[PDB]
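As structure tokens, one chain now follows by itself in the form deposited in one PDB entry.
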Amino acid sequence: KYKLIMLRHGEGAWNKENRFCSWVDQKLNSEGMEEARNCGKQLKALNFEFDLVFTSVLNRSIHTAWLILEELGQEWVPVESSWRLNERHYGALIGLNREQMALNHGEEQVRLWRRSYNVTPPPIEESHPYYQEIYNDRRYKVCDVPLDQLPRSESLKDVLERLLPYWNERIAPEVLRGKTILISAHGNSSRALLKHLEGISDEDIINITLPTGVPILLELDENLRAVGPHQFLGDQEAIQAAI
């Protein structure tokens, strides 16, 4: 077998204003940082000793890895970041209040826009309050594919399609070669990698519910295909939230 840990960061202001962060580089809050600080205390109690850490290019994912590495005393562990682990691009829904988008278009459409393997939201356009903050940022000018070729909106399926090469090419070699890897990612990019490993269907995946601030162990074979459900490590007094 092989082992692998993924997780997702905690809370920010927009995660409390009930808004769509998505590609907006919004930061963690007191509880967001403390959550990851506790998550590292947990992996410490677990005697966890990583070799490589993989993140998105959004800071809430990076501070999360960093705060974790400090609790472990593992700050020298190599870190790699990639747009291909970014949160899903929610197009024009970025930054708007979701409990009032449900007031315009109705719950059924907003629910579908987030619990759907196949549905692409409206594309963010140059008029959007945050179009510039995303596409002009220097971190997207040095990417592996040109600025114009980055998506302006994504389905959950879109996330996996851009993710999977990064897994095949950057990650999978390393998890092959023994390295205990941590993946500090987001709600959808975590959901998509679990699908491709647990072979989840285009219909069971919209059901999958991953907590935040919680390690997610996952065992593999030499095929690198899953061997069981994803399990959650730590003080299993951790069955909270999930709306």
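Residues carry their position along the shown sequence, with the first being 1. Basically, rigid core = biggest C-alpha set you can superpose within 1.5 Å across the two forms.
What comes next is about the form deposited in another entry, which does not appear here.
- Only one entry in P129, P173, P165, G106 has its C-alpha moved by 2 angstroms or more between this form and the one not shown when the rigid core is superposed, and that entry is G106.
- In the core-superposed comparison between this form and the one not shown, the C-alpha atom of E17 has shifted by at least 2 angstroms.
- In that other deposited form, the Cα atoms of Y131 and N104 sit 3 Å or more nearer to each other than they do here.
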